[PDB]
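To start, the structure under review is shown below, and the notes come after it.
Number of protein chains: 2
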Amino acid sequence: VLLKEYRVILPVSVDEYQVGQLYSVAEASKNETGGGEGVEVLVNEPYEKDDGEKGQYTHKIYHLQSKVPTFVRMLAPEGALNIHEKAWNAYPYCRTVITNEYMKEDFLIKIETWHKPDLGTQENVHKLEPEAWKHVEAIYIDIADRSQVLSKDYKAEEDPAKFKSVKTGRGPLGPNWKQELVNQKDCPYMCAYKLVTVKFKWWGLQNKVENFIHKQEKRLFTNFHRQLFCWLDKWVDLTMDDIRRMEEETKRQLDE
Amino acid sequence: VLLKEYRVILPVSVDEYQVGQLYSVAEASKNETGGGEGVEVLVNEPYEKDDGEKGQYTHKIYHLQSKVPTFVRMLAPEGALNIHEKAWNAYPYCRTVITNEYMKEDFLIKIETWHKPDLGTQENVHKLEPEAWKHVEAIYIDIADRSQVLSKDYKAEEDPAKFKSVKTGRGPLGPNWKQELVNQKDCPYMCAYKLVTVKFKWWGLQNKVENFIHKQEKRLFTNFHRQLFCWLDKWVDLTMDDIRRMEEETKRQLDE
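Protein sequence lines correspond, in order, to chains A and A'. A prime marks a further copy of an entry chain. Numbered by the authors' numbering, the letters in the first sequence go through residues 2 to 257 in order. Numbered by the authors' numbering, the letters in the second sequence go through residues 2 to 257 in order.
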């Protein structure tokens with residue numbers, strides 16, 4: 002198991018972030034062929050834990066069987082194409098747990114995030130016991146830094162260093178943007194503290210695989226938040242009510 | 002590398018088989034979500050080898066990127082979602098070679114098949130050099146034998162032991178069907194000699210993985226041919242001209 006916390010400072014409010022994030026998941030995924038087909042919802046209900054954490058809990062299986070060719074669709078070991086996702090939505094706290102039926106208890110990706118109106122200055126925001134916290138590498142992702150982007154991933158249109166919002170005037174984000182965020186007129190700020198736990202038990206590969214998955218999550222968080230900012234004009238005016246209407250709307254396209 | 006030859010005796014003619022096979026690939030796959038989307042054709046042209054083998058050669062990449070969720074679509078190692086398929090169509094001889102960009106030269110599934118008007122009595126129909134032929138396990142698949150089917154795979158409607166063709170009168174196939182095939186009035190026969198070469202280099206798993214893939218191919222060949230027979234009334238009257246028209250027709254639905 003490998004734990005790291007990715008701290009993503011952003012020139013948006015905690016309230017705006019909830020909307021932008023949900024919008025961006027959709028628009029970044031407009032791409033997908035069978036988008037949301039083959040998704041079985043096992044559970045979807047309110048919850049409250051003994052510790053007071055409360056929100057909406059879902060449990061879903063993404064069945065990948067029909068989205069791959071038969072020759073590959075066969076071949077897979079039993080359960081390898083059934084990915085489970087458990088999610089606890091308690092915004093501004095969120096948790097997701099991804100597992101796979103074939104891997105059983107040998108594989109897990111857990112992401113627990115606090116969205117806070119600060120500049121990433123909180124140490125142990127997830128309140129880990131002191132010994133566990135000592136094993137967590139803290140990593141800051143800077144959405145304006147070109148050196149944090151893989152050349153193959155780069156797109157001028159998704160580069161915060163080049164984008165200025167028509168609706169808000171935010172951006173472009175220059176090298177000292179974070180240092181001027183706090184006192185800058187009209188710019189809100191927040192930090193997503195994404196604590197990521199990766200387990201991939203195997204044999205002579207565990208360390209290499211857990212580190213590789215972490216690198217892929219870092220990459221994803223970097224690209225995703227660069228996009229989220231550059232799509233500011235598309236979502237800034239949307240409310241959560243709009244987001245809900247939109248999902249039910251796509252859900253109705255379950256006319257299949 | 003592991004080589005085995007699967008000999009599939011069938012109550013159809015070599016000529017009928019070409020049509021049934023192509024039809025069944027489609028109908029068994031009607032299922033798939035994005036069916037034939039994301040398929041890049043690199044090459045498609047006539048060929049002739051120095052040894053006289055001649056036909057049509059294609060080289061395709063099945064890009065799986067957009068058919069899986071972003072969170073999985075990310076995660077994959079570079080090239081893991083690009084599957085190459087090379088096919089040589091020289092019916093009644095056929096060859097397919099499947100590889101993967103991430104695995105590079107460490108993974109291969111090659112299937113070479115002769116379709117012959119006989120009862121599987123030819124030894125070394127693929128003309129392997131004697132030493133290589135000695136390492137090939139020959140395996141007969143009997144489409145009427147319930148014991149060769151996995152319980153989870155079983156379907157009464159795809160069981161040759163229960164099906165009788167309305168258009169031809171063939172079937173149902175009882176325990177001694179193969180022994181009466183030759184002298185039975187109005188029943189044609191053939192055998193598909195499918196020589197399957199599997200390479201999966203890895204470390205402490207090569208033997209286990211190559212044997213597992215072979216088991217999956219055997220399973221696929223068993224299910225597929227049970228289906229092909231039970232779908233006899235759907236395709237027996239189709240010609241290859243019909244098949245061609247049908248593919249171009251689905252191809253035109255590249256209106257995307």
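C-beta: ideal position from N, C-alpha, C; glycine also.
A':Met191 counts as buried, since no fewer than 16 other beta carbons sit within 10 angstroms of its beta carbon. Chain A' places no beta carbon closer than 8 Å to that of A:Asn212, leaving this residue out of the contacts. Within chain A', the C-beta atoms nearer than 7 Å to that of A:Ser30 come from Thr71, in chain order. Within a 10 Å sphere around the beta-carbon of A':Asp160 sit 16 or more other beta-carbons, which makes this residue buried. With 16 or more neighbouring CB atoms inside 10 Å of its own CB, A:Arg171 falls in the buried class.
Judged by DSSP secondary structure, A':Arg220 falls within the alpha helix (DSSP H) whose first and last residues are 207-231.
The CB of A':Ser67 comes closer than 7 Å to the CB of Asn32, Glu33, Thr34 in chain A, given here in chain order. Closer than 8 Å to the CB of A:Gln228 there is not a single CB belonging to chain A'.
The three-state secondary structure of A:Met75, taken from DSSP, is coil. With a cutoff of 8 Å on beta-carbon distance, A':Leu233 and A':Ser148 are scored as not near each other. Only residues of its own chain outside the window of five on either side were considered, and among them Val9, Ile144 have a CB closer than 6 Å to the CB of A:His226, listed in chain order. Look at the beta carbons and you see the region 173-183 of chain A touching the region 9-28 of chain A: at least three pairs across the two are nearer than 8 Å. Assigned with DSSP and collapsed to three states, A':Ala157 falls in helix. When rounded, the separation of the alpha-carbon atoms in A':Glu132 and A':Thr251 is 45 Å.
Note on A':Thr240: under 16 other CB atoms within 10 angstroms of its CB, so exposed under the neighbour-count rule. Annotated three-state conformation of A:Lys61 is strand, per DSSP. Listed along the chain, the chain A residues whose CB falls inside 9 Å of the CB of A':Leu255 amount to none; the nearest CB is some 14 Å away. The C-alpha of A:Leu129 lies about 34 Å from the C-alpha of A':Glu79. Where A:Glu113 is concerned, the enclosing beta strand (DSSP E) starts and stops at 108-117. Annotation: A:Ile144 is outside any beta strand (DSSP E) and is labelled neither H nor E by DSSP.
Here A:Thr122 is exposed. Its C-beta has fewer than 16 other C-beta atoms within 10 Å. If the five residues before and after A':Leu182 are omitted, its C-beta is found closer than 8 Å to the C-beta atoms of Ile10, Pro12, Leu120, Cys188, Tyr190, all from its own chain and listed in chain order. Under the rule that a run must span 3 or more residues, the beta strand (DSSP E) segments found entirely inside the region 3-35 of chain A read 3-11. The closest CA to that of A:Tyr24, considering only A:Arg253, A:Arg245, A:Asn101, is found on A:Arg245. Shown here, A:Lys55 sits in a strand according to DSSP, grouped into three states. By the beta-carbon neighbour count (other beta carbons within 10 angstroms, threshold 16), A:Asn32 is exposed.
Excluding the 5 residues flanking it on each side, A':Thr169 has same chain C-beta neighbours closer than 7 Å at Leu233, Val237, in chain order. Neighbours of A':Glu38 in chain A, taken as residues whose beta carbon is under 7 Å from its own, are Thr34 in chain order. Between A:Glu86 and A:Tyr63, the C-beta gap is smaller than 8 Å, which places the two residues in contact.
By the Cβ-count criterion, A':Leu196 is buried, with 16 or more other Cβ atoms from all chains shown falling within 10 Å of its own Cβ. At a cut-off of 8 Å between C-beta atoms, A':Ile84 counts as an interface residue with respect to chain A. Counting only residues of its own chain and dropping the five nearest sequence neighbours on each side, A:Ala88 has a CB closer than 6 Å to the CB of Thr59, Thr97. With a beta-carbon spacing of about 7 Å, A:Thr34 and A':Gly39 fall inside the 8 Å limit used to define contacts. Taking a Cβ-Cβ threshold of 8 Å, the residues of chain A close to A':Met75 are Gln217, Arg220, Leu221, in chain order.
Relative to A':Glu124, the option among A':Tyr141, A':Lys111, A':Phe108 whose CA is nearest is A':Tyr141.
Around the CB of A:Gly53, fewer than 16 other CB atoms lie within 10 Å, so the residue is classed as exposed.
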